[PDB]
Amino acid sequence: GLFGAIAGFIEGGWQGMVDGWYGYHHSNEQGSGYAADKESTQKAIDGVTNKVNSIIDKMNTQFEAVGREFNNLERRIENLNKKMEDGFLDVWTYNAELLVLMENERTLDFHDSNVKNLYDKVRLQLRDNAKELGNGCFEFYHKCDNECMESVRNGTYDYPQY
């Protein structure tokens, strides 16, 4: 993807993270586990939901065909009518299919961007108190217990304390 995170420097997603689209995994002496980042997840749900509704809404005013009959000596205008009806169906079919292709691309990139930003938000907190491993993970120089871990997810990781 454009932002390099999803199936990039983060090789794959987590079956184990059930309660959000993006989040954290921690490992220390007390144990390990997953925690969803509520804020970025909810921003994603709002964006995708607005997108879908926006797509539905824009296509609500669109061509509707009507029955018209013509006799054996009105073939020209019958043909005109047919070509008009078909022409608009082809235009709207094109519009729908293209919008879906284009916005699917944007949606996948959006998720990649949200992951990348979450990774940077954490990177900018830890700074030099952790080794950036290259795979989505940061290895701490100090012992980081569960409340230490919570503070990293908080946005509160007291850098000067370590």
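Sequential numbering from 1, following the sequence displayed.
Engineer: Tell me which stretch, 16 to 24 or 146 to 154, has the higher mean Cα B-factor listed in the entry.
Structural biologist: Result: 146 to 154.
Engineer: Can you tell me which stretch has the higher mean Cα B-factor, 110 to 118 or 59 to 67?
Structural biologist: Comparing averages over the C-alpha atoms only gives 59 to 67.
Engineer: Among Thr41, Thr93, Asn129, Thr49, where is the Cα temperature factor highest, going by the PDB entry?
Structural biologist: Of the options given, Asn129 has the highest CA B-factor in the PDB entry.
Engineer: Would you mind ranking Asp37 by its C-alpha B-factor against the rest of the chain and naming the third, lowest, middle or highest?
Structural biologist: According to the entry, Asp37 has a C-alpha B-factor in the chain's middle third.
Engineer: Among the chain's modelled residues, which third holds the C-alpha B-factor of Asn104?
Structural biologist: Lowest third.
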